[PDB]
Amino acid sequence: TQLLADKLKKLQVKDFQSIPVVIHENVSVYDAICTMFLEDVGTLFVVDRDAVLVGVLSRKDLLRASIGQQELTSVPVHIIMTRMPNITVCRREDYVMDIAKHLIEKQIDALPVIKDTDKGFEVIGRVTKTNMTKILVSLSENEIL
């Protein structure tokens, strides 16, 4: 069954990703909390003026910010975001099984899927524990290959 596991490890991010939710690094913390409710997501990807990834924000980053303090309306997200270069990213060509291992091992809910352009990391997707959950359901209904 090593061969079966092998074939599973060849499934790629492009076929199982979700749209990215992105915010500009100068948007306020209040604005980022709004986007996360309007978009109903749990992780936000922060980009610069040239649309290049610079940061991520999670719910707890925002909840940490929201006690107290600290004028959420006046505070730019770049002040609190988790910053590049310490963001775990993937590309559409990566194998979802490797990306599941990063979500686990890095203890995070989502990766940005980026494309390496002649500008930097442009954000083109997200892959989360929801996408993983769905792939697992699909496997159990023999709906993949």
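Start at 1 with the first residue shown and count on from there.
Checklist entry - Which has the higher mean CA temperature factor in the PDB entry, 65-73 or 102-110? => result It is 65-73.
Next on the checklist: If you average the CA temperature factors as listed in the entry, which stretch comes out higher, 112-120 or 54-62?
Outcome noted: Result of the comparison: 112-120.
Checklist entry - Ranked by Cα temperature factor within the chain, is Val22 in the lowest third, the middle third or the highest third? => result Within its chain, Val22 is a highest-third residue by C-alpha B-factor, going by the deposited values.
Checklist entry - Among the modelled residues of its chain, does the C-alpha B-factor of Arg92 lie in the lowest, middle or highest third? => result Its C-alpha B-factor, which the entry lists for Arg92, ranks in the middle third among residues of this chain.
Checklist entry - For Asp48, does the deposited CA B-factor place it in the lowest, middle or highest third of the chain? => result For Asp48, the deposited C-alpha B-factor lands in the lowest third.
Checklist entry - Ranked by Cα temperature factor within the chain, is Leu139 in the lowest third, the middle third or the highest third? => result According to the entry, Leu139 has a C-alpha B-factor in the chain's lowest third.
Item to check | Among modelled residues of the same chain, the CA temperature factor third for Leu38 | outcome: Bottom third by C-alpha B-factor.
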